[PDB]
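> So for the sequence shown, the entry's author numbering puts the first residue at 22; every next one is plus one.
Every residue gets a Cβ at the ideal spot worked out from N, C-alpha and C, and that includes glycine.
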Amino acid sequence: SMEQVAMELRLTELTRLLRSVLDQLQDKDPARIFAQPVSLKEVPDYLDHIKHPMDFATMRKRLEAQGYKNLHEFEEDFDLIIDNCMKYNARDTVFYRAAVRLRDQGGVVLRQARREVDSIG
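(1) Are the segment 91-99 and the segment 57-72 touching by the rule of at least three beta carbon pairs closer than 8 Å?
(2) Between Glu85, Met23, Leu46 and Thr33, which has its C-alpha nearest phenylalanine 99's C-alpha?
(3) Using a 10 Å radius around the Cβ and a threshold of 16 neighbouring Cβ atoms, would you call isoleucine 103 buried or exposed?
(4) Please determine, among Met23, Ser22 and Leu30, the residue with the shortest C-alpha to C-alpha distance to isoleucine 141.
(5) If I follow the unbroken alpha helix (DSSP H) through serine 41, where does it start and stop?
(6) Taking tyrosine 109 and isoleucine 71 to be in contact with their CB atoms under 8 Å, please state how far apart those CB atoms are, rounded to whole angstroms.
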């Protein structure tokens, strides 16, 4: 159908918007603390602590498969990165502090992306 294609053009454009959003969020992690999954070879007990791991490479794979239906699902994954870190790591660690700074700095990007998604439809 002609509609399914119109739909696919919007999903593709949403993917396009979310890609720029992801790049902007990832720039706020210059240390690359959140770039890749926590290694289960190096933290073998990780899944006993964190039940839904997330990281920026995993979000990117989902994004490029057009696996994000709306901005809300995308935010869910971003929030997992931050919240998992703030639980596993103590307050006085470089990792926890990195998560706080990503949360704070990402808020601004996400604020405008929500306006852009509502605005563009």
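Here's the rundown:
(1) no
(2) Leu46
(3) buried
(4) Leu30
(5) 23-48
(6) 6 Å
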